[PDB]
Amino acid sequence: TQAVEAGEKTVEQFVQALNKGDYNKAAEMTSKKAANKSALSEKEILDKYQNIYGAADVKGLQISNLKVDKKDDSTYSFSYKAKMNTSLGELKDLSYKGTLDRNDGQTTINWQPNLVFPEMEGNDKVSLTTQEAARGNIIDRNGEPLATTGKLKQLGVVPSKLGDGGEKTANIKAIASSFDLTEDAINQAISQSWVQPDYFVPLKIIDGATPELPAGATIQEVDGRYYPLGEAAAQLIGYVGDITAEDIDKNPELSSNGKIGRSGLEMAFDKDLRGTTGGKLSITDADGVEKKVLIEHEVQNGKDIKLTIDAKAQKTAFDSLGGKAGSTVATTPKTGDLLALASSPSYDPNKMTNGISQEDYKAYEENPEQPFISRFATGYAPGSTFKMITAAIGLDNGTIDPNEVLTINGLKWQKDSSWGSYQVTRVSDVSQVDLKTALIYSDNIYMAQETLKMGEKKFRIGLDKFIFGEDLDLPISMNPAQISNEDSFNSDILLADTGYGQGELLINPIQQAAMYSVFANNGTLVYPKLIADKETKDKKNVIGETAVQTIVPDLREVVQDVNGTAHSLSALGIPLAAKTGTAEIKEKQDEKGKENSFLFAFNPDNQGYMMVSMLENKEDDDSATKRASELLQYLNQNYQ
């Protein structure tokens, strides 16, 4: 029995080499090719495993219940159960047999064909048939398509039917001007190594009406992924790309001929959208007659996925950004339905999934405005909109008297001389400032003084009631919002700067809409929701209902008062409660400071909608407030 455990070592090493993909090392562990030993030579074992297991994409061989006994003086039979993963799913409970051999001191395996699959007999063969699964669709809250599959018109040229000289140059220029293409692009496409003169060289996926086709230009219909909104929802939806051999090596249940989501919801929901491949993996005898069916099941097309997004609101929010750096989040704050998740600038997902140029992708990747960023999921300093939270906390703990009038002289203020040359600044030199005036003019000095009077302890008690440090249950990659880098400010300056939303605060636009939902639910925070069929989740008693009834009327004056920072929104004539903001960041590139514009707004009458828009590294005189009129009209009209 001292050699039985040595044989179990070799059997465990044999299945480990098969599991590791090292078919040569597993073939070295066999004995001699005889009549009652190995049924094939060593190099022939490498080929049989590499051909069969490679055809079925066998990966992850796991064994169980190993029993090594004694049959003769030189024969030690063994048996075990095993399972493996193939391109058609998991192949379970496979009963393997065989024998072992040990002549001198080394123990080897008597290789037999049944060590590839249980029922193999000599010249038996393996067949695999597969059928691709159609990818599921991504639809909005009203069934409108966001990521679907349709017929695409592919433009291409046959180098033979172009010409020989001069006529070929003229026909290239005719196609170049008829479809907005570079003459260097056509000549570089038809001059690649794969191009034959009679081949169809694809050029561009045209989306509009088909123009007049010059000589050599033909258009073929191909089926592929299509995004009706395009740039307007590229960061959220994402794109699909060709599946590589490395993707198959990681997950053999993928379709080697299909597409895989590379970013956005296409990647986050890739398993539900891609479905399962159908087909049959069978063993045949030498005659090709089906012997045993190992795996067989029919194709299951991918599921559709309905989002809370409004396709009309998504396009309106994105176009309102005018192609500048920024983002916009629109919700129904009583339920959390994310109506829009726009990010700008953006990339073309249709061009991305239909083959993109190396320089076109380089332009996206090296654009300093970085269109690949999902800005609705990137943490920012919230700015002056965060004063709503600081005021609500000060009202709940009794620190802020809504009618107490602070006397503030000038535009700069500091606690005492220990602050050095640093001072909190404001923009409006208003002498008599209470809570309402502080919100109308957005007074940092008022909030900084109220935050310092409140103290870090009471401030964090109110802050910890929100969603700082929480992972939102959303299919979007994001980091939790943070109050500061550490659990303590350890600085009166940092405490005051946090008071008006300008410390180490990092809150992405989606998390901001979650925190700000308390002003539309009487102090109840409603978590955002992207999947339509999801259940509404909320947190009770985040802030007091009294604070809501005090701040929201003041937020109406931010729009209605003639000196309110959002007074331009009064032109709409709709019930609006808003709060603006402008944060300052230090971008060491140009060294001159950069500014982020912010806007929070919702309907205080029906609580039907709520939006949080922002501009990153805004241009002078540009703001989110001057861009929200069109989106506010649509949300007020359709969401009450």
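One-based numbering along the sequence shown.
Relative to its counterpart among 514 to 522 and 146 to 154, 146 to 154 has the higher mean temperature factor, C-alpha atoms as listed in the PDB entry. Stretches compared: 159 to 167, 229 to 237. Higher mean C-alpha B-factor in the entry: 159 to 167.
The entry lists C-alpha B-factors for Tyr527, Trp111, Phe459, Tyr441, and the highest of these is at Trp111. Listed residues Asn403, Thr277, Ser127, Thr218 were ranked by CA B-factor as deposited; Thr218 comes out on top. Annotation for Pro214: CA B-factor lies in the highest third of the chain's modelled residues. Among the modelled residues of the chain, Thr582 sits in the lowest third by CA temperature factor in this PDB entry. When all modelled residues of the chain are sorted by CA temperature factor, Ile63 is found within the highest third. Among all modelled residues in its chain, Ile243 ranks in the middle third by Cα B-factor.
When the CA B factors of the chain's modelled residues are split into thirds, the value for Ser31 lands in the highest one.
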